[PDB]
Structure formats: C-alpha cells, structure tokens
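Following this are structure 1 and structure 2, which are two forms of one protein chain, each written alone as structure tokens.
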Structure 1
C-alpha cells in the first residue's frame, strides 16, 4: 500500500499538469479567437473602403465620358469659326480692292462728263453769237427795205 499511497501522490501531480495544460490551451485559444476577430474586423472596414473608392471611380469614368465628348464639340466649334473668319477676311480683302477700282471708274466718268459739259457750253456760246447775228440782220434788212421804198418816192 505504501506504493498505492505514492500513486495518489502521482495522479494528483499528473492531474495538476493536465489542469495546467488545459489552462494553457484556453489562453492560446483565446489568442487565436482575438486574432481572427481583429482581422475579420479589418476586412469589413476594407470592404467598405473598396465600395466607396469603386463608386468614386465609376463616376470619374463617366465624367471622362462627358469630357471626351465636349472635346469633340469644341473642336467642331473652333473649326466653324475658323472657316467663317477666313471667308469674311476674303470678302473684306476683295471688296476693298473693288472700292479702289470703282473710285477710279468714277474719276474717269466725271472727267468725261466735265469735258462733255465744257463742249456744250462752248456750242451754246456759239449759238448766242449766231442769234445776235440773225437779230442784227433782220434789223438791217427791215431798214434797207424801207430805204429802197423811200428812194423810189424821190
């Protein structure tokens, strides 16, 4: 029995050991659980961050869609203004050259009209001298006729 009494002394110790092992396993278990909890929590916050960023992205993609379009609009707008500008500068350039030419034409017509008028004035003056001559002769003949009659009565 002195051997059996020593057995009880062992089971007590070996049980003391099992107890310590149980406590150790429980501490490690809790550490694993807390690790998993911290990570699952981080994933959740990251999940949220991914949706937020992804949304913001699908928006810039869309904005970029409107940006590219306006670009082609502006391009078409500029094109039209350029072609209008060219056409107007051409109309201007040519019309101005026409003005100079037309003014010279007017100078020539005026020179011609002036000369024509000078000619008219001169023939008019000639007419007046001829009229004065007719008047002068009608008078001379009226009196010569009376003189011819007077002489016949002498």
Structure 2
C-alpha cells in the first residue's frame, strides 16, 4: 500500500505546482488585457486627434480658396486701373503737345498784330503830312487864281 501513499504525495506535489501556474497565468492575463485596453484607448485618442487636425486642414484649405479668388479680383482691378491710367496719360500727353504748338502760334500772331499796329500808326502819320501838303497846295492855287484874275483886269 506504500504505492497509494506515494501516489497521493506525487499528486499533491503536481497539483501544488499547477495551482501556482494558474495563479501566475491569471495574473499575467489580467495585465495583458489591461495593456490591450490602454493601447486601444490610445489608438482611439489618436483617431480623434487626427479628425481634429484633418478638420483644421480643411478649414485652412477653404480659407486659401477664398484668398485665391480675392487675389484674382485684385489682379483684375489692377489691370482695369492700369488701362484707364495709360489712356488718361496718353490723352494728356497728346493735348499738351498741342498746347505747345498753339501757344507758339499765339505768340507769333500777337507779334504780327503788334507790328501791324505800328504799320498803321506810321502810315497815319504820313497821311497827316500829305493832307497838310494838299491843304497848302490848295491855298496856293486859290491865291494864284485870284492873282491871275486881278492881273487880267489891269
């Protein structure tokens, strides 16, 4: 019967070790599940962080599109302004070239007029002298005619 007593002892032994292996495994499993849970929690948070940044990216892309359209407007308005400016400068430039030619034409006409006035004064003076000459000659003629008449009666 020493057999039974030895087998009892042998089983008590093995069970002892098996109970320890179970306790060790339960503990290891418990932690392992905690590790997986915390890790899955981290992935979840990262996913939320990525949604947040992706949304911000979208907001900035939308702002860039607005900037892009306003930038085109500015380019257009600058062109339209440039086109009117060139046109205004050109018109001014043309007229100012005309103003110079006209001012010179006036200066010459004003000189021509002044000289014409001098021409008139000069001829008016000669006319004065000629009238006086005709007047003296008519007086002479009158007196000569009367002297001939007087003589003719003698």
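Positions refer to the first chain, counted from 1. Rigid core (definition): largest C-alpha set, two forms, superposition within 1.5 Å. Residues that one form lacks are left out of the comparison.
For this session: Pick out, from 65, 71, 128, 106, the position at the hinge of the rigid-body motion between structure 1 and structure 2.
Result: Comparing the two forms, the hinge falls at 106.
For this session: Please report, as a whole number of degrees, the rotation of the smaller rigid part relative to the larger part between structure 1 and structure 2.
Result: The angle the smaller part turns through between structure 1 and structure 2 is 16 degrees.
Exercise. Hey, core superposed, how many Å does residue 61 shift at the CA between structure 1 and structure 2?
Worked result: For residue 61, the C-alpha ends up 1.2 Å from its position in the other form.
For this session: Check the Cα of residue 31 between structure 1 and structure 2 on a core superposition and give its shift in Å.
Result: Reported C-alpha shift between structure 1 and structure 2: 2.3 Å at residue 31.
Exercise. Following alignment on the rigid core, what Cα displacement (Å) is computed for residue 10 between structure 1 and structure 2?
Worked result: So the C-alpha of this residue moves 0.9 Å.
For this session: After fitting on the rigid core, list every run of 3 or more consecutive residues where each C-alpha shifts 2 Å or more between structure 1 and structure 2, in sequence order.
Result: Run with every C-alpha shifted by at least 2 Å: 104-154, nothing else.
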